[PDB]
8 protein chains.
Amino acid sequence: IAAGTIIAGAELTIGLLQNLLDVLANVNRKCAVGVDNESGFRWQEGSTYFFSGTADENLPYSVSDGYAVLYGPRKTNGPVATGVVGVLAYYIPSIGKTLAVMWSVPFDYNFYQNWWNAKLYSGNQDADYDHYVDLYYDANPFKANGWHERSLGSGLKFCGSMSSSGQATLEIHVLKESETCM
Amino acid sequence: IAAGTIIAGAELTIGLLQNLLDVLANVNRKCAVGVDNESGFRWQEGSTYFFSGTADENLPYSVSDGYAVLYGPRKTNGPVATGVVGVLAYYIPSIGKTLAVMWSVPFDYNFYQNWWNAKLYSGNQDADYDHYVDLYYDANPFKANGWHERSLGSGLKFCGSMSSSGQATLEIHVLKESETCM
Amino acid sequence: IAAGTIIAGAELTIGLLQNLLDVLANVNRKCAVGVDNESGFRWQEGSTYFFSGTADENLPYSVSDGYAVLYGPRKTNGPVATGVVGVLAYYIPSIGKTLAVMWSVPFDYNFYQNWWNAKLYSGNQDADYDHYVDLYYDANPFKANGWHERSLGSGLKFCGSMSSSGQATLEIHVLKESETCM
Amino acid sequence: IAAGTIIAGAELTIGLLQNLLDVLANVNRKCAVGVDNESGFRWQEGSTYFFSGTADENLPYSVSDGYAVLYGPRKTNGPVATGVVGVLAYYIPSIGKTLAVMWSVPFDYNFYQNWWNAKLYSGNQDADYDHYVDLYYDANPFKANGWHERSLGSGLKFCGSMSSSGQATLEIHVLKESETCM
Amino acid sequence: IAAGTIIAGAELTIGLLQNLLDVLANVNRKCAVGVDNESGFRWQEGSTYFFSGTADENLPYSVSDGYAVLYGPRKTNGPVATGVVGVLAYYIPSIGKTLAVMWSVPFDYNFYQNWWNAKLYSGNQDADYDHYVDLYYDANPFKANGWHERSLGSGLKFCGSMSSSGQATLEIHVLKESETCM
Amino acid sequence: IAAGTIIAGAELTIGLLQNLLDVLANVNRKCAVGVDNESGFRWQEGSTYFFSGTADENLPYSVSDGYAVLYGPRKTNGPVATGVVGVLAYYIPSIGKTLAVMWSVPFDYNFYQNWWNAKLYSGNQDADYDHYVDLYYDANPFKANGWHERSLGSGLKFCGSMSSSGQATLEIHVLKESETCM
Amino acid sequence: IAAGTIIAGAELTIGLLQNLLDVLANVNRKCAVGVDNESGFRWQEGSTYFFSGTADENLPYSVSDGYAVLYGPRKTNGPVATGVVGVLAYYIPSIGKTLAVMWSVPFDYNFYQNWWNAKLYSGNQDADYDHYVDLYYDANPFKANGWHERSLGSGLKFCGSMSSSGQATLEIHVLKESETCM
Amino acid sequence: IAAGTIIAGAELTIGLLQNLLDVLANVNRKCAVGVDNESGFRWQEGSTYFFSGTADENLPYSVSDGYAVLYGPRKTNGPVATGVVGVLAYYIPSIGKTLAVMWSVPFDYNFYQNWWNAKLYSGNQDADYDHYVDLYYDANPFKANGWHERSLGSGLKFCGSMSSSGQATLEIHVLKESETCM
Ligand SMILES: CC(C)CCC[C@@H](C)[C@H]1CC[C@H]2[C@@H]3CC=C4C[C@@H](O)CC[C@]4(C)[C@H]3CC[C@]12C
């Protein structure tokens, strides 16, 4: 008798663990990031950092005046239980500064929410974790509750918005400070 | 013998809970919101608040004279048992007021029904919970029973309708007070 | 032994209740309502009432001379065991009266059959239950057995037909009293 | 022991009744009825009666000289075990008579076969059961064995055919008596 | 114990009978019959008889000089274990005779094979069983082994072929006796 | 106890026989036969014989100068365990001889291989078994190992090839003896 | 008791053998062979030999100056556990020699790897096993590691490459010795 | 009793091993490698080496001025638990050096990450393992964290990027040293 209830309990347990790992594998997170360059300067040397998740495509090397970044990052495949969270940065040699854009689309919406930010750092810098913790904690991010606007200095500003869901769209326009948004 | 009826009862229970969570995951709620700007003024600084549910796309930053918002919010993914309920708001600098539009598509139609409303608040204001409780309780909403019309002051009015189902369409035209609807 | 036949009887019972609720969910009722405005007057302020069922789309605000309502109502989703039954009404300010159109596509064809009607009430009135009980009991409805024709007064009449099935099509032409149907 | 063979016999019985009702639901009957108006007169006030089965579309109100009825009736949904059997009738005011067309596509081809007929009654009459029993028993119908032809009086005749299967096509041309068929 | 092996044997038996009736339902027989009218005479009053099987479409009333019959008959739906076997006949008033075409596509190819024939009978005659037994037994049919040719009298002949399989194609050209086939 | 292992062994046996007959039903054999008429003579009275397998389409009655036979034969449906093997023959009245083409695509490639042949017999002859045994045993066939060429007499030759698999393509060009192949 | 564990072990064994034969049936091998004729001579009398595997299409009889062989061979259907390995040969009468091309795409990549070769033999020769063992062992083949080049004598050379996988592409250009590859 | 729990444990074990090998078979790795030739020199004699994985297509023999390599390598089919890792190399006779490009897309991202590199070796050299260990360990590779740039000598440089995921895209532009990237 007794080994039959052990094998039956083993099949019940793998029935639970199969459904658990198939749920965590089918819970999806992504952020379609559009950054639109109305700045009047060429961006170059495009770099990216992921705290969580990844892209399949490359970021483009450069954005000319009036062109856009259109970049699609997504969470890791399989039952990973992490969101998509990262930095995108470009150097702007016409002003000697690097624009960094951050997004955060979490896995668990009880603990976290969608956040985004952008800032214009001094010099040429690669995108890395020190920009993520700054753009997420040391400077005020935005809640994904519609459109927001902020100055960058050097005659620049941005306006942008993010959708509040796990399939997110982030849209930013980087503009001259003297001009109307969108 | 006895552990075999415990594992059989465990599989019966997970058979119930699988069918329960698959029912709550496949019960769908959405509201296709169209707001049409026949106002003669440019709307800007678009903001949104969700009491329940979310959008995937962004709301557009601005609506010019004769253009429309076309915005699609939907309930949260998975077995959540909540509807889609929210506010949409734009600033109108030509009059110094913010138009806020509200919809409410509930999960459980025994307790609740489809409602919508719109109002024109003083000053520039972000969309938030204080507009939701006002547009839903402190001002009279509309029952989703065909077309309705109301004045906003400052030479504006709206007419609109909402469908009575869980896949809802809300349509609003915002107009000069002196002009015929649709 | 005995608890094994209780769990086997529980699985038999949920096998019955699953097939019952899947039958009631897949039994479908709808009425494609076409109302064609050959009246020579503009209709406006479109309203609708459901005794049973719902639409997904909005009814259009107004119908001009030579245009049509094309409106699709359907029963509630899931295992609800109710048909689609309702009123549609428009105000006609050129004569000071409201045209109301009624349809009734029942769930259970042993007790009920497809019925429709139309009438032209005095003044501006919203579509509601008092028009449903009138158009269904206090005035003679039509059996869905081919084409029928009736005068409305104020120089108007209608002709129309309804198909006899649970996927119904209702077609009405509203005409000048002095003119030939279709 | 004994309750286990009762639940096993209950599942065997619902396995039979599921396969029985799925067979009766998937056994399909329909009749694509074409009636072609080479009569030189306008037909109007189109009416229909079903002894068994139904249509989804409406019959058209009128047929002008050289136009056709193209009408699709079918058996009732689900495990109903009845065919499609009915009358179609139009008034012809140029002669003061009503053309009635009958078809009969049975469920059980051991007891029954495909039959059709047409006749030209005096006056304006609605399509009903008294025309069905007449067109099926009191006047000689046609066996669905190729093309047949018959005079109607008032200078009219018809020729037509019906296919011998449960997915039937009925084709009739109504003609001047002095002219060649098809 | 014993009733459990009776219910197990009942489920084994319905497992056999399900597979038997699904095999007999999916064994398909059809004959695409093309009869091409190079005769120089109009054919009319088209009739058909089935010993076994049926068509869904109608046979056309008439074939003019240079036109074709293209007619598709098939076995009865479900587990019927019968082939498709029939006669097609037209009257030819220019000579006072009726052309009859026969095909036979059997269910069981151990007992039977594909056969076809055609003959030109005196007078106007409906297609029926007396033509089937004549065209199949009292006159020599053709084996479905490529092209064959035969005179009909009255200045006519035919040439034709049939494919040897259960999805059959029969092709016949009816010609002036003085002219080359195909 | 004992009848339960008999019913379990019966279900095991029908599990084997189902998989056996589904394997023999899904093992497929066909030969796409192209015969290209560069002969300078019209071929006519096309005939065919199958030792094994069948076609669905008809062979064409005649091939004119520069036209092709394109003919598709295939094994019998269901679990038959036989290949496709046959003769195709046409009469050539310009020389008083009949061209016969043979192919053999076997079921079991341990015992057999793909073979083909062609020969030009005296007089008008129907395609039959005496041509099959001649073209397969009494004259040397070709192994399906690329292109081969042979004279026919009367100023004709052929060149052709066959693919070595169970989905076979046979291609033959029949040519004047004085001309280059393909 | 004991016969129940024998039938359970029989079903376990056929569960293994079903999965084994379905794995060996779905492991696929093919070689898309392109041979491009920049030689300045016409190739003719195309022949082929398979050590393992087969083609469905025919090899073309001849390749003119500037045309290509495009030939697709593949392993045998079902659970055969053999790769695709063969020779292709053409006669070149302008020089009195036959070009033979060899490929080898094995089943088991632990024992074997992709190999290919080509050589220009004296006289007209059919493709056979003596060319396979020569092109694979008696002359040095190429490893499928990118592009390779070799002289053939008579003023010819080739360059070619093969991909390293079980779905292989072989590309060869046959050229004048005095000219640049691809 | 006891053999029944052994066969039940055997089926549990093959249930685990089936799910294990189906997971390792459906975990996919690939690298879409684009190498863009803005060098002003023709590349030729294209070669490739795989440490792990394979391509289906061939690498092109040569790249002219302004053309691109577009090459798709992928991991081995089935449950192999290895990534895709390799070298691509071309000779550049205008400078007497060979460009080698390396990528590494690992299976297990706990131990490893995406890496790439490129270098310009002296002389004509085939792509092999000595270039892989050099490009991966003896020269500094790049982390797949956005765009990077490096000089090659002989008046050349490259810029490129790689995406950080298991479905990777590698993009490299090879340029004159005096010119701006992308
Ligand atoms: C059958 C009994 C002994 C169970 C033992 C499990 C072992 C033998 C099975 C289970 C999983 C299998 C391994 C899982 C997959 C891989 C990784 C692959 O790159 C090589 C084969 C290899 C290494 C398999 C070899 C055999 C294996 C290790």
# chains A, B, ... in the order shown; residues from 1 in each chain; ligands from 1
>>> interface_residues(of="chain G", to="chain F", cutoff="7 Å", atoms="only C-alpha atoms", output="NGL selection string")
:G and (3-4 or 7 or 45-49 or 54-59 or 61)
>>> residues_near_ligand(ligand="ligand 1", cutoff="8 Å", atoms="only C-alpha atoms and all ligand atoms", output="number ranges by chain")
H: 13, 17, 20-21, 24, 79-82
>>> atom_distance(atom1="atom CA of residue F:72", atom2="atom CA of residue E:74")
21.9 Å
>>> select_by_dssp(residues="stretch 5-160 of chain E", states="strand (DSSP E or B)", output="number ranges by chain")
E: 30-38, 43-52, 54-55, 63, 68-71, 73-74, 84-92, 97-105, 115-122, 142, 146, 148-153, 156-160
>>> write_last_selection(atoms="C-alpha atoms", output="compact mmCIF listing (two decimals), in the first residue's frame")
# COMPACT_ATOMS: atom_id res chain seq x y z
CA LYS E 30 -17.56 11.11 -55.02
CA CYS E 31 -17.73 11.48 -58.80
CA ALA E 32 -17.01 14.85 -60.46
CA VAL E 33 -19.10 14.35 -63.67
CA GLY E 34 -18.28 16.58 -66.66
CA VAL E 35 -20.47 16.12 -69.78
CA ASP E 36 -19.42 18.44 -72.63
CA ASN E 37 -21.98 19.30 -75.34
CA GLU E 38 -20.24 19.47 -78.76
CA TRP E 43 -30.16 19.77 -74.23
CA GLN E 44 -33.06 20.52 -71.82
CA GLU E 45 -35.28 19.24 -68.95
CA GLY E 46 -32.31 17.89 -66.95
CA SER E 47 -33.17 14.96 -64.61
CA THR E 48 -31.20 12.73 -62.21
CA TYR E 49 -31.61 9.43 -60.33
CA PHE E 50 -29.47 8.03 -57.50
CA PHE E 51 -29.25 4.33 -56.75
CA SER E 52 -26.77 5.37 -53.99
CA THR E 54 -26.61 12.32 -53.65
CA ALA E 55 -25.70 15.83 -54.95
CA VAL E 63 -26.94 22.87 -72.03
CA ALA E 68 -20.86 21.70 -70.30
CA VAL E 69 -22.61 19.95 -67.45
CA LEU E 70 -20.29 20.11 -64.42
CA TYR E 71 -22.05 18.09 -61.72
CA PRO E 73 -22.44 13.83 -56.61
CA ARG E 74 -21.08 12.18 -53.41
CA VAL E 84 -22.29 6.91 -55.26
CA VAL E 85 -24.22 5.44 -58.21
CA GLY E 86 -26.68 7.23 -60.48
CA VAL E 87 -28.10 8.39 -63.81
CA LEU E 88 -28.19 11.87 -65.36
CA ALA E 89 -30.54 12.47 -68.33
CA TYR E 90 -31.45 15.33 -70.72
CA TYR E 91 -33.98 15.58 -73.56
CA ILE E 92 -32.67 16.59 -77.03
CA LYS E 97 -34.25 11.41 -78.00
CA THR E 98 -32.89 11.59 -74.41
CA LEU E 99 -29.20 11.24 -73.56
CA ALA E 100 -28.65 9.34 -70.28
CA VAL E 101 -25.22 9.21 -68.55
CA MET E 102 -24.51 6.66 -65.76
CA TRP E 103 -21.68 6.36 -63.20
CA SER E 104 -20.99 3.86 -60.41
CA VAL E 105 -18.37 4.55 -57.70
CA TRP E 115 -18.06 1.80 -64.06
CA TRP E 116 -19.69 4.39 -66.38
CA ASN E 117 -21.85 4.40 -69.54
CA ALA E 118 -24.02 6.62 -71.78
CA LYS E 119 -26.95 5.89 -74.18
CA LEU E 120 -29.49 7.82 -76.29
CA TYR E 121 -33.07 6.60 -75.60
CA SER E 122 -36.16 7.24 -77.79
CA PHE E 142 -16.71 1.02 -69.35
CA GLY E 146 -8.67 5.43 -69.71
CA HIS E 148 -13.35 5.05 -74.64
CA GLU E 149 -15.57 6.03 -77.62
CA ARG E 150 -19.03 4.88 -78.90
CA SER E 151 -21.71 5.92 -81.46
CA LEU E 152 -25.24 7.01 -80.31
CA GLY E 153 -27.02 7.13 -83.72
CA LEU E 156 -23.99 11.59 -82.61
CA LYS E 157 -21.20 9.82 -80.69
CA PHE E 158 -19.35 10.28 -77.39
CA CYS E 159 -15.85 9.80 -76.06
CA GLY E 160 -15.04 9.78 -72.35
>>> atom_distance(atom1="atom CA of residue H:111", atom2="atom CA of residue H:83")
12.2 Å
>>> atom_distance(atom1="atom CA of residue H:176", atom2="atom CA of residue H:64")
14.4 Å
